[PDB]
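A single chain, nothing else alongside it, follows as structure tokens in the form deposited in one PDB entry.
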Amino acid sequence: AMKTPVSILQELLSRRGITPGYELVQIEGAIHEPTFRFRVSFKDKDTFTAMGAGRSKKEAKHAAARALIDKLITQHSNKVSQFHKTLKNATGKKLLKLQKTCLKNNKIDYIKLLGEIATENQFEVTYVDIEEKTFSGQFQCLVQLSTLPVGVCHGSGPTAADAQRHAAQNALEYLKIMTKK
């Protein structure tokens, strides 16, 4: 089995001598497959000849021997809107009170109201009064809230208390208008 059919045919024919005749007769030397064709003989005086085709000459000899063997077998506006809802989820009654009531009145103390709103929406405020003086000779302060992103509002007045109250009123109307939708 490990012997090739060429050598199988040679072994089978070796029982009476004989030198086989192998002749490549017909190649189709075509454009991409060179196909070879041999022809196997059996003596020139008395009595066998088969043909064999293949792609390679070793396979042509093998097929000829086989034939002879068988023949033999944008998103920042979305951030703005998300800021609007994360200020909206603080649903206390102070926001509705600031919306319904006209806020011309400045008699309220704004610092406790902004503290209530900051604790309502889990925020905290920080006052920074600038020690340096303006050209108008009045105090100025800025208030910071831990928002998304963090925000700073403004206030100024002849006293530091006036500046703080102005910034606080700014925060009050601020939270009023971003509780208006």
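So that there is no doubt, residue numbering starts at 1 and follows the sequence shown. In this text, the rigid core denotes the largest set of C-alpha atoms whose superposition between the two forms falls within 1.5 Å.
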Original post:
Is there a break between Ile73 and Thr74, and how many deposited residues does it span: none, 1 to 3, 4 to 9, or 10 or more?
Top reply: 10 or more
Original post:
Does the entry skip any residues of the deposited sequence between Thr47 and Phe48, and if so, is it 1 to 3, 4 to 9, or 10 or more, or none at all?
Top reply: 1 to 3
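Keep in mind that the form deposited in another entry is missing from the display, and what follows is about it.
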Original post:
After the core is overlaid between this form and the one not shown, has the C-alpha of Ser56 moved by 2 angstroms or more?
Top reply: no
Original post:
When you overlay the rigid core, is the Cα of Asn121 off by 2 Å or more between this form and the one not shown?
Top reply: yes
Subject >> Did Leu103 shift 2 Å or more between this form and the one not shown, C-alpha, core superposed >> reply: yes
